[PDB]
Every structure is written in C-alpha cells, then in structure tokens.
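Quick setup: one chain, the form deposited in one PDB entry, written in structure tokens, and binding and motion questions come after.
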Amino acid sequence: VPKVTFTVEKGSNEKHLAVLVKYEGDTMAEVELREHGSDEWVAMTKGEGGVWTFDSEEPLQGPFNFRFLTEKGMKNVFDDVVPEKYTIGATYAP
C-alpha cells in the first residue's frame, strides 16, 4: 500500500471538499489546498478523525493540489491528486 493516500469522505459536495489525508509514519499538522489553476493556497480546517475539510463559498475546481506539514516537520507538495470527478469513499494515491 502507498504511504500517502487521499480519501474523499462522505459529505463532500461542490462547495465542500472533505479529505482523509493519511501519511503512514506521520501525522498532519496543517494541510493546505490549492484549487486547479489558482495560485492561491487556502488553509484547511482540521475536522476530526483526521479529516480536513474546506467550505468554499463558490464551487471548487479540480483536480486538487494538496500541501501539508507533518508533526515531524515533513513538508511535501502533491499537485493534482484528487481529480475534478472524484468519487466519494474513493482513495487517491500518487
């Protein structure tokens, strides 16, 4: 199995993405998300169980790029891992 997987949780909708960011061997300290084609990185709220959501006041344009800081100081970037046509429950791994 991969080390970093991005699972789209139940409740996601066009104006509300909810992702289960897992990194075997570490924990997320903060996860930012940049929409497709924007140069802006928005912060994501730490929901619980390790789910980071984001409530956009406009719909969200995929594919999505995620960037995180782990509790161990690991800071990686992943461009486009959750496509525009993501299916819920589905796990996306680079």
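When you see a residue number, it is the position in the sequence shown, counting from 1.
Keep in mind the form deposited with a partner chain bound is missing from the figure; the text below concerns it.
Although the partner is absent here, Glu32 sits close enough that one of its heavy atoms falls within 4.5 Å of the partner chain in the deposited bound form. Under a 4.5 angstroms non-hydrogen atom cutoff, the partner chain in the deposited bound form has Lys75 among its neighbouring residues.
Mapping the unseen interface onto this chain, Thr53 falls outside it, with no heavy atom inside 4.5 Å of the partner chain in the deposited bound form. Contact check for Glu84: no non-hydrogen atom falls within 4.5 Å of the partner chain in the deposited bound form.
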